[PDB]
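Step one of this worksheet: look at the structure below.
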Amino acid sequence: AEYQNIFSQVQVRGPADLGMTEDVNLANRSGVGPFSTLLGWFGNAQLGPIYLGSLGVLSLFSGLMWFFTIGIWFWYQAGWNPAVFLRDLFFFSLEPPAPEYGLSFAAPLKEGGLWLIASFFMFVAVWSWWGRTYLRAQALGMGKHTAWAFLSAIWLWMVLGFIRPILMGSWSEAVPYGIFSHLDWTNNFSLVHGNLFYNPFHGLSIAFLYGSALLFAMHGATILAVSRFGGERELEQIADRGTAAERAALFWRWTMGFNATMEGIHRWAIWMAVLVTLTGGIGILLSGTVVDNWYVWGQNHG
Amino acid sequence: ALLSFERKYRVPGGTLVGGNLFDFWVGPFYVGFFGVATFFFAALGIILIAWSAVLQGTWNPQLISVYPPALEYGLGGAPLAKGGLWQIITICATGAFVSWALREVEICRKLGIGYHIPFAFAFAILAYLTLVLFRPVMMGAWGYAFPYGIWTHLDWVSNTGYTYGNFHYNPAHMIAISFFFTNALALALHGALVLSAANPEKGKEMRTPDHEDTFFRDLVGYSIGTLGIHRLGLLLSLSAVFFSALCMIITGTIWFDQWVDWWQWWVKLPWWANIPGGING
Amino acid sequence: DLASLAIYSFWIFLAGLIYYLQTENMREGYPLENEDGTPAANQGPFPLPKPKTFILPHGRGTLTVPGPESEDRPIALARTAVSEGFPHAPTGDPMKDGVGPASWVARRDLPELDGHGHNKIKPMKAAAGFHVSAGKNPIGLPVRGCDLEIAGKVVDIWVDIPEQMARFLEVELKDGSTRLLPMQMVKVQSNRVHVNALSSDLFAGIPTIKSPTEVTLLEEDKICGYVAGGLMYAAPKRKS
Ligand code: BCL
Ligand code: BCL
Ligand code: BCL
Ligand code: BCL
Ligand SMILES: CC[C@H]1c2cc3[nH]c4c(c3C)C(=O)[C@H](C(=O)OC)c4c3nc(cc4[nH]c(cc(n2)[C@@H]1C)c(C(C)=O)c4C)[C@@H](C)[C@@H]3CCC(=O)OC/C=C(\C)CCC[C@H](C)CCC[C@H](C)CCCC(C)C
Ligand SMILES: CC[C@H]1c2cc3[nH]c4c(c3C)C(=O)[C@H](C(=O)OC)c4c3nc(cc4[nH]c(cc(n2)[C@@H]1C)c(C(C)=O)c4C)[C@@H](C)[C@@H]3CCC(=O)OC/C=C(\C)CCC[C@H](C)CCC[C@H](C)CCCC(C)C
Ligand SMILES: COC(C)(C)C/C=C/C(C)=C/C=C/C(C)=C/C=C/C(C)=C/C=C\C=C(C)\C=C\C=C(/C)CC/C=C(\C)CCC=C(C)C
Ligand SMILES: COC1=C(OC)C(=O)C(C/C=C(/C)CCC=C(C)C)=C(C)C1=O
Ligand SMILES: CCCCCCCCCCCC[N+](C)(C)[O-]
Ligand SMILES: CCCCCCCCCCCC[N+](C)(C)[O-]
Ligand SMILES: CCCCCCCCCCCC[N+](C)(C)[O-]
Ligand SMILES: CCCCCCCCCCCC[N+](C)(C)[O-]
Ligand SMILES: CCCCCCCCCCCC[N+](C)(C)[O-]
Ligand SMILES: CCCCCCCCCCCC[N+](C)(C)[O-]
Ligand SMILES: CCCCCCCCCCCC[N+](C)(C)[O-]
Ligand SMILES: [Fe+3]
């Protein structure tokens with residue numbers, strides 16, 4: 001049996017790594033968290049620091065407020081009884097206003113008002129978090145790829161809770177906050193739109209979701225297979241190609257007749273991933289606004 | 001026909017079967033004994049599909065479909081026009097996939113690299129086999145297997161799922177899904193992070209892995225590191241598939257009722273089953 | 001209808017994206033070559049992209065790709081057939097010559113640097129104050145090769161500073177000099193470090209480093225290529 005590099009055999013530690021400075025406002029960085037030997041078998045042992053800042057605080061406060069608003073409603077649905085809370089945890093649901101209120105903010109707290117407030121908090125939490133992925137790259141002089149990628153996830157999210165409801169004319173079209181209910185919503189959405197398997201953008205979204213796992217399995221396995229030549233030091237392989245990057249490319253050229261580079265694999269990666277939610281958001285956004293029934297649409301192609 | 005750096009690696013050796021007999025390339029493609037096996041299996045398989053198409057009476061790719069034996073045939077043979085072709089195509093598919101994995105192993109050995117790739121691929125093969133072989137066998141008929149057709153295979157997924165109600169309630173399926181979504185999330189971030197470092201703001205120098213750790217600690221208070229992320233993408237994607245296979249192998253065998261009802265075990269726990277209020281009282 | 005328009009558009013977009021992606025991934029290794037090193041007649045349907053330039057940190061320069069490709073080293077292999085597509089036999093000792101699974105690339109003969117401009121990899125003794133934090137400490141253990149003979153003993157671990165990981169074991173041989181062994185190619189056991197890639201007589205042949213407290217990207221490639229090459233090339237001296 002040979003060593004496979006899934007878990008490390010020996011961990012080493014040195015002074016807490018406080019990170020690169022560049023243009024980062026250092027006043028806004030925490031101290032270092034603890035060191036987890038458990039984590040260190042698989043990844044880095046070090047926790048923190050983290051960056052705080054004004055946007056950070058806003059996003060976290062907002063995110064908590066979203067979480068607590070749903071949880072308060074849940075406790076209420078449980079009649080304040082801890083045992084019923086845990087029993088029925090996956091069954092509770094904070095639901096959007098009924099169709100009759102349309103897009104108005106005029107529904108009672110118990111019948112949708114609270115849904116809108118939780119949604120409001122979720123909206124400022126996510127967008128200020130988006131702001132943070134741009135700003136943390138900026139302060140480090142880095143490209144904006146993370147924020148561009150995040151924006152694609154945000155797109156499916158915005159379509160589900162915000163843009164599709166607005167275009168349909170009511171908040172009742174949006175997704176409820178609950179474990180089992182969000183699933184029922186999903187199954188129902190497909191039933192009511194003539195089976196999402198007939199939506200070409202749903203099938204594309206699947207090709208990409210499956211493609212992501214295919215590609216991450218390929219890439220992750222390839223890098224590990226060449227880690228004995230320093231393959232995971234990808235930035236320096238980009239700047240100065242080594243025998244790791246060459247054995248990697250040739251594995252694939254010889255197998256399937258074409259190959260990537262150390263930099264370009266990362267572009268196949270980012271795109272395979274973002275296209276899950278890009279095509280997904282489009283398929284949902286079209287559902288009910290333009291196409292009532294995918295099976296029907298599919299019979300006419302147009 | 002060769003990459004500029006390619007020649008020094010095209011030495012003899014690494015084969016599992018046949019010594020030097022198949023130790024060669026065709027254009028970029030390595031051959032090997034398992035390249036020959038793959039060609040043979042794939043070729044037969046494709047020919048059999050084209051024959052199954054004639055017996056179905058269509059050539060449109062959106063309509064060709066090769067269905068397994070109906071349930072009454074059990075685990076036995078079937079006339080070719082009525083399930084036999086599926087059965088032979090399935091042996092061909094299996095032979096092709098396994099040959100492809102073993103050819104990948106020959107390529108690893110010639111290249112002096114780890115075996116992680118064919119090992120990973122073997123998970124996908126195990127998933128295919130769960131659906132076409134393991135599950136049908138445990139259930140007692142080939143006809144529970146999915147058919148080979150573009151849309152018909154989707155009909156099978158829909159019909160199979162709704163046999164158990166909303167298939168979302170399969171708990172192994174919930175875990176599988178979570179690994180799929182988490183995998184895509186991590187793929188996005190890995191691609192973006194490497195590229196943000198390699199392609200910094202205009203005029204700046206390439207960032208370092210130190211910047212990559214920094215960015216992710218700044219953002220969420222942790223960074224798994226450059227070895228860790230590749231360990232992670234691999235674990236997430238193999239776990240997603242392990243749980244996919246699991247979620248199906250347990251369906252129609254140990255659990256065959258409506259998956260939503262499985263969850264009653266928690267609600268019916270004696271401590272709280274009978275307290276009024278909430279959703280289930 | 002708008003859905004028809006969106007789907008048709010998407011497929012056009014996707015063809016464009018795949019074209020972009022495949023050409024990005026042609027920044028290294030192209031143009032394709034015949035086995036003799038001259039440009040191949042058939043380059044395929046994707047053309048080379050416009051060059052881009054990476055600015056390297058710490059005065060190391062730039063990299064522009066695609067650019068002229070050359071091995072920048074002698075390749076001790078010769079044809080075994082009269083036509084394209086067959087293996088090339090080593091003309092000497094492929095481990096010493098650095099071909100096949102023993103290959104190395106003519107990377108820069110400088111050390112990789114961290115974000116502060118210091119050597120990324122250092123012996124732990126010179127890395128303040130890094131130490132083993134978990135697992136069996138390999139330092140002091142005998143090193144055994146695939147011939148089941150002792151080749152030497154571990155005298156240090158070389159560590160990646162910014163990423164806090166073990167990268168090599170430094171092993172001292174019978175003559176008092178040392179070699180680097182990639183961490184990925186050894187098995188730390190309770191009483192020994194086991195190296196399946198190399199029999200013990202091949203340890204002396206491991207490429208040496210020029211300065212005792214740093215290792216260059218070129219030296220890493222030669223060391224790692226050589227050790228991996230033992231899998232194929234030390235197989236006669238291994239050993240169930
Ligand atoms: C895509 C179409 C559907 C949908 C279809 C499904 C299906 C089908 C499944 C899920 C599943 C999940 N979905 Mg959903 N899901 C939708 C939109 C979302 C959105 C959103 C838009 O904001 C959220 C937060 C969730 C979150 C959830 C998680 C509860 C769960 C695992 C997600 C994951 O691995 O993420 C990636 C991992 C992360 C890093 C973050 C996720 C962490 C989770 C735990 C936090 C999310 C909610 C949180 C408040 C729950 C805490 C539980 C207790 C109350 C303490 N879904 C839309 C409406 N989702 C799976 C499940 O297990 O459901 C029970 C599942 O089988
Ligand atoms: C995995 C769980 C389910 C199932 C669930 C679904 C669902 C749901 C969907 C698909 C969809 C797809 N499935 Mg399916 N699928 C199943 C098993 C398979 C198997 C198999 C095990 O052999 C195959 C080859 C396919 C392949 C297909 C593709 C036609 C299509 C896009 C897949 C993709 O990009 O994947 C990711 C991998 C890559 C990106 C690599 C590319 C490889 C693809 C393009 C291979 C195509 C093969 C096909 C045209 C013909 C193969 C036989 C030839 C004679 C050689 N499915 C099982 C039964 N599949 C989607 C679709 O639109 O169908 C209409 C879709 O919505
Ligand atoms: C009965 C169910 C229906 C069906 C109904 C739906 C519906 C409805 C939808 C999908 C969607 C999808 N379906 Mg479908 N689905 C069907 C069958 C399948 C099958 C199958 C049969 O094998 C598969 C593989 C899939 C696969 C997929 C995905 C390709 C796609 C969602 C991608 C995604 O990453 O979303 C997950 C990612 C997100 C939801 C974005 C996350 C948003 C960000 C901003 C997160 C915020 C989180 C934060 C605030 C919470 C913090 C908590 C943390 C702990 C901190 N479906 C059947 C036919 N499917 C989605 C789609 O795009 O369709 C086209 C969708 O809306
Ligand atoms: C109405 C339908 C039901 C449904 C019922 C089912 C059923 C039924 C199944 C799933 C399964 C899946 N479902 Mg579901 N499920 C639904 C809702 C969803 C939703 C959602 C958001 O609503 C999601 C995300 C999912 C997600 C999941 C995945 C966990 C899983 C599919 C991936 C997989 O098995 O890969 C595994 C990968 C493979 C099988 C591919 C292997 C192929 C390799 C070996 C070779 C191919 C090579 C060749 C032919 C290529 C051609 C060569 C060319 C040159 C390219 N389901 C609804 C509720 N679901 C499936 C599963 O787990 O299967 C095990 C399954 O059978
Ligand atoms: C491209 C498609 C894929 C994708 C990509 C993606 N997601 C993204 C981004 C990108 C590239 C990131 O940049 C961003 C990120 O920062 O990731 C680390 C993110 C992200 N995607 C996330 C989740 C997520 N993404 C989804 C998946 C996907 N994202 C797609 C598959 C899903 C699914 C599948 O449903 C989930 C649930 C987050 C981890 C992160 C966005 C974080 C965010 O918007 O935060 C807003 C709210 C908060 C700031 C906190 C919320 C409150 C919590 C409920 C409280 C619990 C914890 C609390 C923080 C503790 C506080 C304690 C202190 C008081 C001490
Ligand atoms: C385990 C994690 C994920 C994964 C990993 C994975 N896949 C792998 C590998 C790995 C690491 C590769 O090494 C290997 C590869 O070479 O990739 C480029 C591969 C591979 N994954 C592939 C496909 C694939 N993987 C899939 C999924 C996954 N692969 C998992 C999500 C899927 C999905 C999700 O549906 C598909 C379609 C191929 C691109 C490739 C293997 C190619 C191969 O085996 O070639 C040899 C055989 C042929 C050339 C054709 C055989 C023809 C048959 C005899 C007839 C066809 C019968 C078929 C059953 C009918 C299907 C009809 C459909 C409409 C259903
Ligand atoms: C222990 O108890 C306490 C209370 C302490 C803590 C426990 C709390 C609990 C149990 C919380 C549980 C939370 C759960 C289960 C939440 C799950 C949510 C899920 C599954 C979400 C899934 C889908 C969400 C979507 C798609 C929502 C999208 C939202 C938007 C796009 C926002 C749109 C904004 C709107 C409508 C407001 C408009 C306002 C303006 C003017 C912008
Ligand atoms: C851009 O690459 C990535 C890393 O960044 C350098 C990570 O760090 C992580 C985070 C991974 C883990 C294991 C979270 C759990 C850790 C704790 C705090 C228990 C992901 C997903 C990732 O994509
Ligand atoms: C998310 C990371 C948490 C995973 C922790 C798993 C720890 C595995 C430890 C195995 C150690 C193996 N060995 C023999 C070297 O000790
Ligand atoms: C998704 C991963 C979340 C990990 C959060 C890690 C938090 C780091 C805590 C740092 C606190 C250090 N301290 C006490 C000195 O301020
Ligand atoms: C990063 C690009 C990779 C491209 C992979 C695209 C696979 C196409 C699968 C066809 C999906 C068919 N349909 C009708 C559902 O759209
Ligand atoms: C989406 C699947 C389409 C099948 C095509 C597979 C792409 C392989 C391209 C490599 C071609 C090899 N070569 C150099 C002979 O052209
Ligand atoms: C509340 C769901 C949170 C998302 C994380 C993964 C979802 C799986 C939840 C089901 C747990 C499965 N099981 C068997 C332990 O109950
Ligand atoms: C960050 C990697 C961990 C995966 C998190 C995604 C939620 C899936 C639930 C994990 C459950 C896995 N397991 C085996 C403990 O049940
Ligand atoms: C999922 C994306 C599918 C497209 C992959 C097929 C692209 C093949 C590129 C082959 C080109 C190889 N070549 C001749 C440039 O060396
Ligand atoms: Fe990578």
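Following the order of the structure tokens, first chain is A, next is B, and so on, with residues numbered from 1 inside each chain and ligands from 1 in the order they appear.
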Up to 6 Å from chain C, what residues of chain A turn up? Count only C-alpha atoms and give them as an mmCIF file with N, CA and C atoms, in the first residue's frame.
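Now in part03.cif:
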data_model
loop_
_atom_site.group_PDB
_atom_site.id
_atom_site.type_symbol
_atom_site.label_atom_id
_atom_site.label_comp_id
_atom_site.auth_asym_id
_atom_site.auth_seq_id
_atom_site.Cartn_x
_atom_site.Cartn_y
_atom_site.Cartn_z
ATOM 1 N N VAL A 10 1.826 14.022 8.650
ATOM 2 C CA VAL A 10 2.539 14.818 9.643
ATOM 3 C C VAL A 10 2.075 16.236 9.445
ATOM 4 N N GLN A 11 1.646 16.882 10.523
ATOM 5 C CA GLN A 11 1.277 18.273 10.472
ATOM 6 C C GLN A 11 2.413 19.089 11.044
ATOM 7 N N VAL A 12 2.559 20.329 10.573
ATOM 8 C CA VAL A 12 3.562 21.207 11.134
ATOM 9 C C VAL A 12 2.836 22.472 11.385
ATOM 10 N N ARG A 13 3.334 23.233 12.342
ATOM 11 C CA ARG A 13 2.736 24.518 12.649
ATOM 12 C C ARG A 13 3.889 25.486 12.912
ATOM 13 N N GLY A 14 3.642 26.762 12.647
ATOM 14 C CA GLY A 14 4.560 27.829 12.962
ATOM 15 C C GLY A 14 3.706 29.012 13.368
ATOM 16 N N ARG A 228 2.841 14.684 -5.986
ATOM 17 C CA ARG A 228 4.238 14.232 -5.810
ATOM 18 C C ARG A 228 5.294 15.019 -6.685
ATOM 19 N N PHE A 229 4.798 15.980 -7.475
ATOM 20 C CA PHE A 229 5.642 16.901 -8.260
ATOM 21 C C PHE A 229 5.209 18.283 -7.945
ATOM 22 N N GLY A 242 5.753 23.023 -14.771
ATOM 23 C CA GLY A 242 6.644 21.993 -14.308
ATOM 24 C C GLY A 242 6.252 20.657 -14.820
ATOM 25 N N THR A 243 6.965 19.620 -14.446
ATOM 26 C CA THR A 243 6.560 18.280 -14.837
ATOM 27 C C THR A 243 5.176 17.844 -14.264
ATOM 28 N N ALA A 260 -5.950 20.443 -20.832
ATOM 29 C CA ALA A 260 -6.080 21.824 -20.421
ATOM 30 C C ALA A 260 -4.669 22.356 -20.092
ATOM 31 N N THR A 261 -4.625 23.591 -19.633
ATOM 32 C CA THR A 261 -3.450 24.043 -18.942
ATOM 33 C C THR A 261 -3.787 24.233 -17.451
ATOM 34 N N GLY A 264 -5.924 27.302 -17.535
ATOM 35 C CA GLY A 264 -7.195 27.167 -18.234
ATOM 36 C C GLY A 264 -8.178 26.128 -17.625
ATOM 37 N N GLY A 302 -41.244 25.797 -30.415
ATOM 38 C CA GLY A 302 -41.541 27.183 -30.077
ATOM 39 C C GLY A 302 -42.734 27.239 -29.141
#
May I ask you to write as a PDB file with N, CA, C and O atoms, in the first residue's frame all residues lying at most 10 Å from ligand 10, with only C-alpha atoms and all ligand atoms counted?
ATOM      1  N   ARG A  29      -9.338  43.644  11.028  1.00  0.00           N
ATOM      2  CA  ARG A  29      -9.096  42.212  11.090  1.00  0.00           C
ATOM      3  C   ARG A  29      -9.038  41.710  12.516  1.00  0.00           C
ATOM      4  O   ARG A  29      -8.315  42.252  13.337  1.00  0.00           O
ATOM      5  N   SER A  30      -9.747  40.618  12.780  1.00  0.00           N
ATOM      6  CA  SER A  30      -9.718  39.954  14.062  1.00  0.00           C
ATOM      7  C   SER A  30      -8.302  39.507  14.422  1.00  0.00           C
ATOM      8  O   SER A  30      -7.360  39.696  13.656  1.00  0.00           O
ATOM      9  N   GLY A  31      -8.149  38.902  15.596  1.00  0.00           N
ATOM     10  CA  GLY A  31      -6.938  38.158  15.874  1.00  0.00           C
ATOM     11  C   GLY A  31      -7.144  36.784  15.273  1.00  0.00           C
ATOM     12  O   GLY A  31      -8.201  36.504  14.694  1.00  0.00           O
ATOM     13  N   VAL A  32      -6.156  35.920  15.413  1.00  0.00           N
ATOM     14  CA  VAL A  32      -6.294  34.573  14.912  1.00  0.00           C
ATOM     15  C   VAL A  32      -7.151  33.747  15.840  1.00  0.00           C
ATOM     16  O   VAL A  32      -7.113  33.924  17.064  1.00  0.00           O
ATOM     17  N   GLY A  33      -7.926  32.840  15.252  1.00  0.00           N
ATOM     18  CA  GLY A  33      -8.773  31.949  16.016  1.00  0.00           C
ATOM     19  C   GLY A  33      -7.861  30.876  16.515  1.00  0.00           C
ATOM     20  O   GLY A  33      -6.647  31.013  16.402  1.00  0.00           O
ATOM     21  N   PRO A  34      -8.433  29.814  17.069  1.00  0.00           N
ATOM     22  CA  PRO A  34      -7.651  28.648  17.465  1.00  0.00           C
ATOM     23  C   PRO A  34      -7.077  27.874  16.258  1.00  0.00           C
ATOM     24  O   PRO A  34      -7.227  28.260  15.094  1.00  0.00           O
ATOM     25  N   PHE A  35      -6.427  26.769  16.572  1.00  0.00           N
ATOM     26  CA  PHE A  35      -5.795  25.917  15.617  1.00  0.00           C
ATOM     27  C   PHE A  35      -6.409  24.560  15.842  1.00  0.00           C
ATOM     28  O   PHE A  35      -6.345  24.007  16.958  1.00  0.00           O
ATOM     29  N   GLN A  46      -5.244  26.327  10.811  1.00  0.00           N
ATOM     30  CA  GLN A  46      -5.518  27.652  11.339  1.00  0.00           C
ATOM     31  C   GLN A  46      -6.919  28.210  11.077  1.00  0.00           C
ATOM     32  O   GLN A  46      -7.428  28.129   9.958  1.00  0.00           O
ATOM     33  N   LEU A  47      -7.497  28.855  12.099  1.00  0.00           N
ATOM     34  CA  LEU A  47      -8.770  29.555  11.979  1.00  0.00           C
ATOM     35  C   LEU A  47      -8.508  31.016  12.113  1.00  0.00           C
ATOM     36  O   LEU A  47      -7.633  31.404  12.851  1.00  0.00           O
ATOM     37  N   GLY A  48      -9.257  31.838  11.387  1.00  0.00           N
ATOM     38  CA  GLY A  48      -9.009  33.267  11.311  1.00  0.00           C
ATOM     39  C   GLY A  48      -7.599  33.658  10.835  1.00  0.00           C
ATOM     40  O   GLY A  48      -6.757  32.793  10.501  1.00  0.00           O
ATOM     41  N   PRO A  49      -7.325  34.964  10.821  1.00  0.00           N
ATOM     42  CA  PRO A  49      -8.304  35.983  11.230  1.00  0.00           C
ATOM     43  C   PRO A  49      -9.425  36.097  10.234  1.00  0.00           C
ATOM     44  O   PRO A  49      -9.343  35.515   9.138  1.00  0.00           O
ATOM     45  N   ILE A  50     -10.436  36.885  10.578  1.00  0.00           N
ATOM     46  CA  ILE A  50     -11.472  37.217   9.649  1.00  0.00           C
ATOM     47  C   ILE A  50     -11.470  38.710   9.539  1.00  0.00           C
ATOM     48  O   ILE A  50     -10.993  39.389  10.430  1.00  0.00           O
ATOM     49  N   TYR A  51     -11.989  39.230   8.447  1.00  0.00           N
ATOM     50  CA  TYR A  51     -12.205  40.656   8.312  1.00  0.00           C
ATOM     51  C   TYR A  51     -13.624  41.066   8.724  1.00  0.00           C
ATOM     52  O   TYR A  51     -14.612  40.466   8.292  1.00  0.00           O
TER      53      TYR A  51
ATOM     54  N   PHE B 216      -9.643  34.387   1.518  1.00  0.00           N
ATOM     55  CA  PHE B 216     -10.652  33.518   2.082  1.00  0.00           C
ATOM     56  C   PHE B 216     -10.761  33.629   3.619  1.00  0.00           C
ATOM     57  O   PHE B 216     -11.867  33.499   4.160  1.00  0.00           O
ATOM     58  N   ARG B 217      -9.637  33.888   4.304  1.00  0.00           N
ATOM     59  CA  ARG B 217      -9.707  34.222   5.740  1.00  0.00           C
ATOM     60  C   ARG B 217     -10.386  35.572   5.942  1.00  0.00           C
ATOM     61  O   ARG B 217     -11.315  35.702   6.758  1.00  0.00           O
ATOM     62  N   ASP B 218      -9.986  36.570   5.170  1.00  0.00           N
ATOM     63  CA  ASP B 218     -10.676  37.840   5.241  1.00  0.00           C
ATOM     64  C   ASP B 218     -12.190  37.606   5.131  1.00  0.00           C
ATOM     65  O   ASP B 218     -12.997  38.166   5.908  1.00  0.00           O
ATOM     66  N   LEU B 219     -12.580  36.788   4.153  1.00  0.00           N
ATOM     67  CA  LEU B 219     -13.988  36.690   3.772  1.00  0.00           C
ATOM     68  C   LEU B 219     -14.828  35.897   4.781  1.00  0.00           C
ATOM     69  O   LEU B 219     -15.871  36.407   5.223  1.00  0.00           O
ATOM     70  N   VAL B 220     -14.385  34.692   5.122  1.00  0.00           N
ATOM     71  CA  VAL B 220     -15.169  33.777   5.964  1.00  0.00           C
ATOM     72  C   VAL B 220     -14.436  33.266   7.205  1.00  0.00           C
ATOM     73  O   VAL B 220     -14.989  32.461   7.960  1.00  0.00           O
ATOM     74  N   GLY B 221     -13.193  33.691   7.415  1.00  0.00           N
ATOM     75  CA  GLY B 221     -12.480  33.328   8.623  1.00  0.00           C
ATOM     76  C   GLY B 221     -11.778  32.011   8.513  1.00  0.00           C
ATOM     77  O   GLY B 221     -11.242  31.487   9.517  1.00  0.00           O
ATOM     78  N   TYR B 222     -11.725  31.447   7.302  1.00  0.00           N
ATOM     79  CA  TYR B 222     -10.978  30.183   7.158  1.00  0.00           C
ATOM     80  C   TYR B 222     -10.514  30.033   5.699  1.00  0.00           C
ATOM     81  O   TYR B 222     -11.114  30.611   4.816  1.00  0.00           O
ATOM     82  N   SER B 223      -9.443  29.285   5.484  1.00  0.00           N
ATOM     83  CA  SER B 223      -9.091  28.848   4.156  1.00  0.00           C
ATOM     84  C   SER B 223      -8.592  27.440   4.310  1.00  0.00           C
ATOM     85  O   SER B 223      -7.756  27.150   5.157  1.00  0.00           O
ATOM     86  N   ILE B 224      -9.110  26.551   3.489  1.00  0.00           N
ATOM     87  CA  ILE B 224      -8.659  25.178   3.509  1.00  0.00           C
ATOM     88  C   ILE B 224      -7.259  24.955   2.911  1.00  0.00           C
ATOM     89  O   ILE B 224      -6.622  23.945   3.188  1.00  0.00           O
TER      90      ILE B 224
END
Residues of chain A were defined as contacting chain B if any atom lay at most 6 Å from it, counting only C-alpha atoms; please report them as a PyMOL selection string. chain A and resi 19-20+42-44+47-51+77-78+87+141-143+145-146+212-213+216-217+220-221+225-226+232+253-255+257+266+269-270+273
Output file for the selection above: C-alpha atoms, as a PDB file, in the first residue's frame:
ATOM      1  CA  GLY A  19      -1.905  37.242   5.972  1.00  0.00           C
ATOM      2  CA  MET A  20      -0.955  39.667   3.236  1.00  0.00           C
ATOM      3  CA  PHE A  42      -7.277  17.415   5.631  1.00  0.00           C
ATOM      4  CA  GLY A  43      -6.758  21.149   5.181  1.00  0.00           C
ATOM      5  CA  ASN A  44      -5.235  24.103   7.041  1.00  0.00           C
ATOM      6  CA  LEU A  47      -8.770  29.555  11.979  1.00  0.00           C
ATOM      7  CA  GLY A  48      -9.009  33.267  11.311  1.00  0.00           C
ATOM      8  CA  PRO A  49      -8.304  35.983  11.230  1.00  0.00           C
ATOM      9  CA  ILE A  50     -11.472  37.217   9.649  1.00  0.00           C
ATOM     10  CA  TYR A  51     -12.205  40.656   8.312  1.00  0.00           C
ATOM     11  CA  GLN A  77     -46.162  27.694  15.453  1.00  0.00           C
ATOM     12  CA  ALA A  78     -44.867  25.337  18.163  1.00  0.00           C
ATOM     13  CA  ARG A  87     -40.452  17.389  17.057  1.00  0.00           C
ATOM     14  CA  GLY A 141      -5.330  43.776  -5.738  1.00  0.00           C
ATOM     15  CA  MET A 142      -7.003  40.520  -6.975  1.00  0.00           C
ATOM     16  CA  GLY A 143      -9.335  39.889  -9.885  1.00  0.00           C
ATOM     17  CA  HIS A 145     -13.827  36.377 -10.300  1.00  0.00           C
ATOM     18  CA  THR A 146     -15.315  35.391  -6.918  1.00  0.00           C
ATOM     19  CA  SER A 212     -19.318  20.149 -12.029  1.00  0.00           C
ATOM     20  CA  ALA A 213     -18.969  16.948 -10.189  1.00  0.00           C
ATOM     21  CA  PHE A 216     -14.160  18.594  -9.826  1.00  0.00           C
ATOM     22  CA  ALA A 217     -13.632  14.854  -9.533  1.00  0.00           C
ATOM     23  CA  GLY A 220      -9.180  17.156  -7.781  1.00  0.00           C
ATOM     24  CA  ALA A 221      -7.985  13.670  -8.633  1.00  0.00           C
ATOM     25  CA  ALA A 225      -2.169  12.344  -8.715  1.00  0.00           C
ATOM     26  CA  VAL A 226       0.550  14.952  -9.518  1.00  0.00           C
ATOM     27  CA  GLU A 232      -1.145  21.804  -6.156  1.00  0.00           C
ATOM     28  CA  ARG A 253      -4.455  14.098 -23.933  1.00  0.00           C
ATOM     29  CA  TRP A 254      -3.665  10.423 -23.992  1.00  0.00           C
ATOM     30  CA  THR A 255      -7.074   9.448 -22.517  1.00  0.00           C
ATOM     31  CA  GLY A 257      -7.365  13.414 -26.953  1.00  0.00           C
ATOM     32  CA  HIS A 266      -9.629  26.903 -13.712  1.00  0.00           C
ATOM     33  CA  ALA A 269     -14.058  25.130 -13.651  1.00  0.00           C
ATOM     34  CA  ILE A 270     -15.506  28.546 -13.064  1.00  0.00           C
ATOM     35  CA  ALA A 273     -20.072  25.894 -12.101  1.00  0.00           C
TER      36      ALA A 273
END
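For the residues A:178, A:231, A:211, A:131, ranking by smallest atom-to-atom distance to ligand 13 using only C-alpha atoms and all ligand atoms places A:178 first.
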Surrounding residues as a VMD selection string, ligand 1, max 8 Å, only C-alpha atoms and all ligand atoms: (chain A and resid 67 71 89 to 90 156 to 157 160 to 161 175 178 to 180 182 to 183 185 to 186) or (chain B and resid 168 to 169 171 173 to 182 185)
